[PDB]
């Protein structure tokens, strides 16, 4: 009669909360999805071992098209857990699943966990200053999405920071790197000429948030575009005007140039 949406957190199998782990252990059935994002610092086997339960992985179609046929039936007469990377319901499509639960006569509860949306606070940038968020998607065929460029423009215009989620081919386990993201943005700039993202733009890269050793780097595009930020996942941030306290953190903690103190404050 109960469905639990449990977040797995940021990077490895220990990023789940104590509450989530204990609840998952008591569930009769445990499902999971790894298409909204991945858990780069662990494996399905390591998560299964920690939970002590067999974990049935569901694809995007399994969830979007057949959630009520695969998960809800068992949730009708048993305690069922649905695991997702990060914090449940941050991914736009998750919320709706709670409605399906209601219509199936199944109760649902949400067990939160850290999300990159909030973890970016480790960059030293004030969370309240983050504006609208966006995703940089790989272009392909004759399709070249550029909406994320406009998000940056509108946020920076109001002195706000822009969080850019980078594309990921979950099934193929291919992660877009911050370098690839910067290359694309310069390419979009060259096409839109809005002076939004250039070699002189200050950016912040956060890699492997959740790990005890994430890479946090800040600097101008011209200097970071070919820097090695380590293994995925990577997140790119284009900050707006900085509070001096933000700038000092970037310099002291993220190795940013002293120049940002006079150019971006």
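Positions refer to the first chain, counted from 1.
Chemist: If you average the Cα B factors in the entry, which is higher, 100-108 or 124-132?
Modeler: Looking at the record's C-alpha B-factors, the answer is 100-108.
Chemist: Check the entry's C-alpha temperature factors for 201-209 and 220-228, then say which stretch has the higher mean.
Modeler: According to the PDB entry, the answer is 220-228.
Chemist: Would the CA B-factor of residue 119 place it in the lowest, middle or highest third of its chain?
Modeler: Bottom third by C-alpha B-factor.
Chemist: Going by what the PDB entry lists, where does residue 52 fall on CA B-factor within its chain: lowest, middle or highest third?
Modeler: Within its chain, residue 52 is a highest-third residue by C-alpha B-factor, going by the deposited values.
Chemist: Pull the Cα B-factor of residue 88 out of the PDB entry and bin it into the chain's lowest, middle or highest third.
Modeler: Tercile = middle for this residue's CA B-factor.
Chemist: Quick check for you: using the entry's CA B-factors within this chain, is residue 161 in the lowest, middle or highest third?
Modeler: For residue 161, the deposited C-alpha B-factor lands in the lowest third.
Chemist: Splitting the chain's C-alpha B-factors into thirds, which one does residue 39 fall into?
Modeler: For residue 39, the deposited C-alpha B-factor lands in the middle third.
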